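The structure appears below as structure tokens.
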Amino acid sequence: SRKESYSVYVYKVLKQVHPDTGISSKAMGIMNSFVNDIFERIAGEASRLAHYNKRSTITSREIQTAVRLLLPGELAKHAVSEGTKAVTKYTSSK
Amino acid sequence: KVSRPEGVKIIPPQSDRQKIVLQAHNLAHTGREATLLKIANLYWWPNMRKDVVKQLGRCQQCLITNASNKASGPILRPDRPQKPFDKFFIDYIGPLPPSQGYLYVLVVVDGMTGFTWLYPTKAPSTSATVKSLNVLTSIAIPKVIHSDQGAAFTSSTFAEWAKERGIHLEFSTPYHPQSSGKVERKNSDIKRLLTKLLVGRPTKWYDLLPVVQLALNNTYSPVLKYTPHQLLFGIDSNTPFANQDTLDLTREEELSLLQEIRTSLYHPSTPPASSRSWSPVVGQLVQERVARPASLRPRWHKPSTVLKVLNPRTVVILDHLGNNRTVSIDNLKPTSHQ
Amino acid sequence: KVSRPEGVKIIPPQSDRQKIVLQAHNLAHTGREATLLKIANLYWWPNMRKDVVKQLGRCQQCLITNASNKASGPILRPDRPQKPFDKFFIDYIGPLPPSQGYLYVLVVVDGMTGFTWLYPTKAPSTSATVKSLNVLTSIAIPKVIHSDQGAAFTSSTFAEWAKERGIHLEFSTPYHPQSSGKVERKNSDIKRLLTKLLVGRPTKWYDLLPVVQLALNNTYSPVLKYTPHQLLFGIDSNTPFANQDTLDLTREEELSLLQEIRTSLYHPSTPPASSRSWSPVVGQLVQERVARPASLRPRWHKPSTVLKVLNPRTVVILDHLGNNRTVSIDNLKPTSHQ
Amino acid sequence: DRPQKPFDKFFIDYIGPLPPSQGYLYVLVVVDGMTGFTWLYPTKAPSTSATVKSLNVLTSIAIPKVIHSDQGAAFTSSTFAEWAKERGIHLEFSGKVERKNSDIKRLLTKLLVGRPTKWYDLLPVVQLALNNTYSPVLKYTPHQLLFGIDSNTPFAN
Amino acid sequence: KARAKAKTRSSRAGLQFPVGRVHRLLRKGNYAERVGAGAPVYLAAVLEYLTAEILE
DNA sequence: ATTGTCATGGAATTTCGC
DNA sequence: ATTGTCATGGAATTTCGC
């Protein structure tokens with residue numbers, strides 16, 4: 001049937017910073033399974049952040065704390081500020 | 001027993017007056033008329049309606065749910081002040097769509113003219129207001145500042161700054177946004193200027209705030225025919241399309257021309273008082289509206305007695321909590337069947 | 001150049017007509033008058049106002065933000081039907097406070113009388129409505145059922161059940177809750193009966209629903225002087241305070257008395273049409289209201305041309321989406337300066 | 001006294017036991033003495049519990065003056081009696097209906113028997129033809145008697 | 001009748017990883033009961049920065 | 001111990017031309 | 001190819017007593 005994936009959304013990032021670059025099949029699955037794992041670390045730490053503060057709600061604040069825990073040092077400085085651009089751009093729209 | 005031209009009706013005893021009506025009232029909790037036509041199926045006696053009114057004043061399940069069919073009277077147009085920097089009408093707008101980490105915009109309208117002032121903040125705290133006016137008290141000092149009974153203005157901290165400046169704080173009656181007059185109008189101006197600029201782009205409205213207190217402050221009042229700049233200062237600044245009609249005059253003498261410009265302005269018209277108006281009376285029973293009425297709950301509280309009447313629109317009532325809650329007469333209802 | 005009694009004014013060239021006004025319009029995006037007094041500081045020429053109107057019809061940043069100052073006209077009172085089971089006005093209430101796993105109450109008011117029917121459900125789906133009426137279509141079959149354009153009624157499934165029964169579905173104009181007449185009234189009755197019963201206890205309102213369609217259905221209409229039971233059936237059931245005035249008659253003959261009871265009922269009064277009314281014209285440009293207007297967004301859409309006028313309150317417009325959206329005239333505004 | 005009026009004397013009639021559809025067993029056929037209107041409020045069990053829960057639906061629309069039928073289980077208990085005392089209905093317990101029972105005991109029995117669950121699917125459909133049956137005693141249908149109007153649709157005919 | 005132009009929420013934030021697919025992987029993964037409207041936006045950005053940084 | 005309002009377009013009104 | 005409404009209390013109105 002249908003296997004959902006993140007394979008298509010890699011070519012929309014691979015062709016942003018290296019537009020003359022292909023990527024193999026068996027290397028797609030790593031960047032596929034990199035996403036699904038780094039998804040449920042951030043979600044599965046934001047999930048356990050909901051119980052620790054007695055709320056049933058995953059806000060966009062709780063994903064920010066569950067990225068300042070998993071990412072160390074200098075990735076935790078960029079991937080926070082690479083999200084709050086994509087939210088402030090999002091909320092000024094619609 | 002008695003005979004009527006619609007059939008045979010029954011005269012009940014004098015001991016059976018309160019019982020027979022109360023069992024007909026509580027069948028559908030009606031008022032004066034649908035109560036009465038239930039009794040008009042079995043019974044009849046002289047002065048039916050003197051007993052139905054005797055019921056409803058005790059039935060405190062029906063006084064705190066039915067709303068009044070008696071509107072409040074004519075609205076008051078209070079006069080304009082005679083100088084600027086006398087009444088500021090302040091009210092946060094927002095949460096707007098975000099820009100630069102800003103969501104809330106303090107709006108300080110002068111009550112003299114309409115000259116708006118904008119001071120955007122991150123969150124409507126007490127201290128976000130206090131530094132927002134320290135920019136504006138750098139210009140001049142007001143006598144009175146009106147507002148609404150905000151979360152940030154009613155704080156005991158905000159009043160202690162306000163007594164330093166000589167600010168006479170003035171608060172509206174609660175759940176009455178109509179009391180703050182001009183600021184509720186200019187917030188329909190700011191959201192019709194920033195609406196018109198931001199058509200077809202992301203709402204980056206933190207860029208356009210120096211525009212708004214220069215674009216609205218040079219819009220001619222179309223029923224006063226002046227700029228907010230002229231009624232505040234006296235002459236235009238270097239703006240596009242500025243008057244040269246004042247350059248044929250001396251500034252040392254048109255100061256006292258300006259005081260006669262300010263006292264010839266249009267005053268609004270009071271509407272005619274409609275037929276079903278009602279007036280408060282000191283001693284009359286009144287019922288406030290419940291503040292935030294939850295679902296399937298009384299719209300109104302228990303009755304209360306008017307202590308003092310201040311004008312024909314503002315009345316001090318004595319609530320069930322023991323509260324001297326100075327409410328409007330667009331809050332209250334006349335207590336039914338006194 | 002020209003001389004005026006207020007100073008010297010400037011006659012611009014004919015090539016400089018559109019440019020000089022558009023740069024004064026976009027300074028504050030005003031309409032006809034505050035635009036004009038900007039030009040009354042430097043310029044003057046015969047027919048100033050024929051050019052300002054020439055601006056605003058092209059300025060599509062100002063047509064979709066300013067709202068109309070022209071009210072719609074007199075409301076229509078449509079006539080009552082001549083039989084029961086002709087128009088049902090249905091609308092879910094709720095989410096209420098919960099009881100027994102119920103939150104939503106279908107309310108089926110007869111358009112003949114006011115005889116309410118209640119059928120509580122768990123969630124306002126299509127199938128929760130369908131089994132709620134299979135109880136009620138057990139009684140009799142209506143010709144027409146009015147509603148609002150609900151989430152559950154507009155489903156393609158719900159219409160396929162409705163064609164089985166002979167139900168003529170009728171939907172209101174969108175974002176117009178005033179169209180569904182009686183059901184919006186009896187929902188202010190059900191929430192004034194269930195409000196009055198449930199004072200001072202937990203809101204266990206699933207117990208009190210067999211009470212409500214027996215307590216409201218025997219409230220005398222105080223301007224018609226009848227029960228909903230009598231105007232639906234003809235005589236009271238075994239209720240407290242039921243009429244014996246019909247027991248002096250024959251039921252075999254008061255059936256045709258009842259058809260003359262139904263045609264003597266009070267009809268409501270149309271209000272007088274106010275001065276600033278306006279009428280739709282087939283060909284006139286109109287602007288709908290934006291459905292759910294987000295913050296700092298146009299209140300109105302782009303102009304649209306009326307295809308057909310159905311009555312003086314209901315008009316079919318041709319939207320920007322290519323839509324034949326049959327809106328009310330309490331939605332639309334007259335497009336400024338045609 | 002006065003001639004026969006609606007909502008005086010219901011005659012409560014069960015049919016079954018039909019095979020269950022969502023648990024329901026006994027079709028609580030109610031026929032009035034004067035109008036002969038048909039309420040089908042079927043029950044899962046003929047108890048004082050599991051039939052008064054169907055007689056909340058009837059006593060929301062209309063209240064009869066005499067509750068009277070044959071003897072059974074739901075009609076002998078004093079819990080049923082005290083319930084009937086609050087509703088002001090005189091119990092008698094601890095011409096058109098016989099023609100309506102002719103559909104019941106002969107026709108509607110062998111037409112509801114044969115469906116395990118599908119009989120519940122046509123309870124609102126069978127009922128509307130049972131609100132239009134010609135009484136030569138009265139020369140009206142139970143629809144034309146009870147509402148004071150004639151038939152709406154040829155689907156309600 | 002027709003409706004408006006369906007603008008995807010990945011194009012309303014300037015990202016490439018979806019937000020519609022992430023927002024049903026926060027309500028079918030039992031992470032919590034309520035998931036804010038901004039949270040799968042903010043998470044699809046952090047999935048997009050780190051997908052670049054390896055592929056860069 | 002407080003209170004609507006005010007921009008805005010038909011439409012009515014006034015100016016006034018000669 | 002759709003449209004307010006209707007319970008409700010002063011208050012005005014009518015009955016009518018003799």
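Don't overthink the numbers, they just go from 1 along the chain as shown.
This deposition comes from electron microscopy, 3.9 Å.
A Cβ is built for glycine as well, from the same backbone N, Cα and C atoms used for every other residue.
Reduced to three states, the DSSP call for E:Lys1 (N6-succinyllysine) is coil. Take the CB of E:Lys1 (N6-succinyllysine) and look out to 10 A: across all protein chains shown you find 9 other CB atoms. Taken from Swiss-Prot, the feature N6-succinyllysine applies to E:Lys1.
For E:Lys1 (among others), the entry in Swiss-Prot reads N6-(2-hydroxyisobutyryl)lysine.
As annotated by Swiss-Prot, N6-(beta-hydroxybutyryl)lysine applies to E:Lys1 (among others), with the evidence given as experimental evidence.
The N6-lactoyllysine annotation in Swiss-Prot covers E:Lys1 and rests on similarity to another entry.
Residues or ranges marked as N6-(beta-hydroxybutyryl)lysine by Swiss-Prot: E:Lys5 (among others). If you draw a 10 Å sphere around the CB of E:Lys5 (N6-(beta-hydroxybutyryl)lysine), it holds 5 other CB atoms from the protein chains shown.
Residues annotated as ubiquitin cross-link in Swiss-Prot, with experimental evidence given as evidence: E:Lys5 (among others).
Marked as ubiquitin cross-link by Swiss-Prot: E:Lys7 (among others). Remark: E:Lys7 (ubiquitin cross-link) has no non-local neighbours by Cβ distance under 8 Å and separation of at least 6 in sequence.
According to Swiss-Prot, the feature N6-crotonyllysine maps to E:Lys28, an assignment based on experimental evidence. Note on E:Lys28 (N6-crotonyllysine): other Cβ atoms within 10 Å of its Cβ, all shown chains, come to 8. Under the three-state DSSP scheme, E:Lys28 (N6-crotonyllysine) falls in the coil class.
Residues or ranges marked as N6-(2-hydroxyisobutyryl)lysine in Swiss-Prot (evidence: experimental evidence): E:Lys28 (among others).
According to Swiss-Prot, the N6-(beta-hydroxybutyryl)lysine annotation covers E:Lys28 (among others).
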Query raised in the report: In whole Å, how far is E:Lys28 (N6-crotonyllysine) from E:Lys5 (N6-(beta-hydroxybutyryl)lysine) when you measure between their Cα atoms?
Result: 28
Query - Near chain C - the recorded positions E:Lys1, E:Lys7, E:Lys28, filtered by Cβ distance under 8 Å - result: E:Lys1
Query raised in the report: How many whole Å apart are the CA atoms of E:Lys1 (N6-succinyllysine) and E:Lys28 (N6-crotonyllysine)?
Result: 32
Query raised in the report: For E:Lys7 (ubiquitin cross-link), what is the secondary structure state per DSSP, taken as helix, strand or coil?
Result: coil
